[PDB]
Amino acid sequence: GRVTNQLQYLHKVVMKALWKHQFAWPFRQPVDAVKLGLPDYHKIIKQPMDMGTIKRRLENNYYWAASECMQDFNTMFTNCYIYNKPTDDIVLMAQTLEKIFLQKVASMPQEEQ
């Protein structure tokens, strides 16, 4: 991978803000389908993603560009919306976090180093 201004911003500004959020706790580690008793989870969601995986990826220089990291954030939120019932609280929690994500992405340093 490599280090850019944008990947540093996604790590220190965007992820830090989302991580600490009161609705973040279900998203900080992989969904544990066994523990939650969701035997269909991995049959419906083919690309699991979580902020713990994204954080580790930013720290281990896995990403080559900001867009790749932003795609992982998007997969995490989309997985939640696709799997869960529209009425589930987790959907409202994902939407709240996703709004912060987009607000902070709009303020990201424009040209990548």
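Residues carry their position along the shown sequence, with the first being 1.
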On average, which has the higher Cα B-factor in the deposited entry, 95-103 or 12-20? 12-20
Segment of higher mean CA temperature factor, 53-61 or 75-83: 53-61
Ranked C-alpha temperature factor of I45 among modelled chain residues, by third: lowest
With respect to C-alpha B-factor, does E68 fall in the lowest, middle or highest third of the chain as deposited? middle
